[PDB]
């Protein structure tokens, strides 16, 4: 599974502001999710944003909306998976889904399962995906891996999409990754 700007879509899973206080490393996950949003906008990659029950949970964080392409749709849902009817038009035109968003073990995991069933490759951006619980997040990644999803990072994805430093949009995406993505406790303390 080799991602490029013409065979991939970005899915933004339920990144709503009323979650903030519960989600682990939420500020970092917003920062890094915005990088992927910008990258998708620069690389003309179709972006889908969902919102879980926005009547109670509010809408997508403003900063993320501000990076979205002019015609990016935002679909509301009560089903955990992002694979709802109005997303299928986008899904027919791509072979890869890049996934960011929250409750890795719920909406991100169920989405991942649905996309894999449909024969799509799923690229989970671990530094842009989190849960209320560290354990739920930790094992969400394992379940996604077991099922065949690629566990990747923001900088790996962004540079993987352009393939080389000669890419027409390399300088634009390089600006987004000038500083390393903020740490989200993914790397264990080292044994001496």
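Numbering follows the first chain given and starts at 1.
Visitor: Using only the Cα atoms and their B-factors as the entry lists them, report which of 177-185 and 9-17 averages higher.
Guide: Going by the record's values, the stretch with the higher mean is 9-17.
Visitor: Regarding 113-121 and 78-86, which shows the higher C-alpha temperature factor on average in the entry?
Guide: So the stretch with the higher mean C-alpha B-factor is 78-86.
Visitor: Based on what the PDB entry reports, which of 152, 63, 32, 135 has the top C-alpha B-factor?
Guide: The record points to 63.
Visitor: Looking at the C-alpha B-factor values in the deposited entry, which of 147, 69, 161, 128 comes out highest?
Guide: Spelled out: the listed residue with the top C-alpha B-factor is 69.
Visitor: Can you work out whether the C-alpha temperature factor of residue 43 puts it in the lowest, middle or highest third of the chain?
Guide: According to the entry, residue 43 has a C-alpha B-factor in the chain's middle third.
Visitor: Looking at the temperature factor on the CA atom of residue 156, which third of the chain's modelled residues does it land in?
Guide: Lowest third - that is where residue 156 ends up once the chain's C-alpha B-factors are sorted.
Visitor: In terms of the chain's CA B-factor thirds, is residue 141 lowest, middle or highest?
Guide: Within its chain, residue 141 is a lowest-third residue by C-alpha B-factor, going by the deposited values.
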